[PDB]
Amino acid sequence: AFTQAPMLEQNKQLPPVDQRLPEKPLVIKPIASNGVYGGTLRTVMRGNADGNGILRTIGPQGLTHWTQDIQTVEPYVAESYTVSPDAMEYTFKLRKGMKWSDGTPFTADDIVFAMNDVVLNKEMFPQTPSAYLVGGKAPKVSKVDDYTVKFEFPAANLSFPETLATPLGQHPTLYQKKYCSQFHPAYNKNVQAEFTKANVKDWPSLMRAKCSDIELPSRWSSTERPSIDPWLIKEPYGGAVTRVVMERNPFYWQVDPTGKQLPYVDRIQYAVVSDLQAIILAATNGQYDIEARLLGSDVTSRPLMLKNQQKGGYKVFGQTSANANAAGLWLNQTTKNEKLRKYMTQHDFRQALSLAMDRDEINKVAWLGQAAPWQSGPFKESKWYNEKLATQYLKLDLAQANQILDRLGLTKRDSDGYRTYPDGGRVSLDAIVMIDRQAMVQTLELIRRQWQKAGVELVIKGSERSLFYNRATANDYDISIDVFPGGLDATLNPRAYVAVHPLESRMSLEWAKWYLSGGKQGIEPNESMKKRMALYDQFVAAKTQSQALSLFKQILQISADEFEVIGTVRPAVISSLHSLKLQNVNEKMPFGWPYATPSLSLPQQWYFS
């Protein structure tokens, strides 16, 4: 029934293609055209700790997969799934006859092993990955038959199919029972014997070294770890290698609509390059068939990328980042500065700071005019769009900023012209920033000059990553600048709207610590934030789509009313490229880690014309 790549037909030692495929392979409809076999995809990683560059090239092979427009998911590794009307139980049907890369059967036993003996095993994971929890509670995972697996959660868990389409939700398909059980004491009663050979103290360390985890280097550094990936490691991603090579999985489990077993492309070759400038040089000379991850953020490179398209033989395409803001101001409402805190906690003070900002200037200078003014809210293309959350207080209005600050009682000036607190002291805010993030540093320098005209002093505290994070978790900052997620991914990454992320909800990480500790640690949030946290717990456990929509829209509305975080610009278009010869790249796909882009575009159906 099916056909195969010439390089596999060249291999007389493989089983027949019909026996390498499942009985019912997943049929992949191409982005643009039915493809032809062959070729080597040339791409690039920066340094030797860039393993997600492989994952975002080949794609997580999860139980479900995002649609191209990322509005929902469809069965992927699973042939089909069902959900109970209370949304607590998900049952997945697997593809009979599907095989791992080593030709052995892929069955419910593998999913149940991955969940019950790895993911939910507390020696392996003392903290269970949140992808498999609802309100912090784990499901019961059970084998129904050789090709059916059931997940039973203790509360409704409507987001689970979406979670299973993200890179962090792929554990269910990551662990082959046969191979991995060798390193597990419930199966290998002599496993302690493997420890010294592998230089490990315990079996979780052995399991991580041999069988790995979503983002561990060990995922890509061995050639013997079985997978269901479209290409397989052949020259591995060691810590000092200069190139990685992957080759088609002869047991890949998908066909195109003509019955060709995928992928079309035979091999992927990754250059490992230490200097981002050398990557830009190579890319703008056409040496990569795809680069849609590393170059797109450096707006300084777009002019040369565009100019050299004809010379290099490539096409630039623009992608919309999922992030709502490229460099947003997180205002710390639990700042230890008691005089400042009296104003930081006032909505109108935060409003005044936003009105004193000139986002057109920030865009022109920091982003070469390629971004656009924006606050924190989802984009119009998102079902979560809230006009107020997106666009309030965006236009420069220095007169109104000063009117508000006068009304708040900050009229007395010091000898330098700055406003002072009633009790004395310059109105001054410390902003922490990671020094190597140049556009963010430049953004803060611009805001510093702009806020001077409102009589407010911004003190830039740039540092390397460790001190930047240590300052945040120590509650030692007034402002922190970093991205606002939520343009497209608001429910996946809600950190700007409700203080649930322990490192990044920097309207107050002490508030987040209170939320995550059941109120025993951290600092009790204000009523509007406690209300959102309660709504968020209700949302995660919502029993119907309509209830979930209502609850999360309410969170976004309260966030808009409170105006806790101040956006500068939504990201410029992400400049990506592919060779003109490379077909079936979805140039309309969004950009983002939750969709593992560019692999969202189904690289197994890219092909060379």
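Numbers follow the displayed sequence, beginning with 1.
Q: What stretch has the higher average Cα B-factor here, 60-68 or 569-577?
A: According to the entry, 569-577 carries the higher average C-alpha B-factor.
Q: Identify the stretch, either 309-317 or 435-443, whose C-alpha atoms have the larger mean B-factor according to the entry.
A: Higher mean C-alpha B-factor in the PDB entry: 435-443.
Q: Looking at 515, 237, 539, 418, which has the biggest Cα B factor in the entry?
A: Highest CA B-factor of the listed options: 418.
Q: Which has the highest CA B-factor per the PDB entry: 197, 495, 407, 347?
A: Spelled out: the listed residue with the top C-alpha B-factor is 197.
Q: In terms of the chain's CA B-factor thirds, is residue 46 lowest, middle or highest?
A: It belongs to the highest third of the chain when residues are ordered by C-alpha B-factor.
Q: By the record's CA B-factor, is residue 19 among the lowest, middle or highest third of residues in the chain?
A: As the PDB entry reports it, the C-alpha B-factor of residue 19 lands in the middle third of its chain.
Q: Report the third (lowest, middle or highest) to which the CA temperature factor of residue 272 belongs, ranking only the modelled residues of the same chain.
A: Middle third by C-alpha B-factor.
Q: Thinking about Cα B factors across the chain, which third does residue 88 belong to?
A: According to the entry, residue 88 has a C-alpha B-factor in the chain's middle third.
Q: Is the Cα B-factor recorded for residue 412 in the lowest, middle or highest third of its chain?
A: Residue 412: CA B-factor falls in the highest third of its chain.
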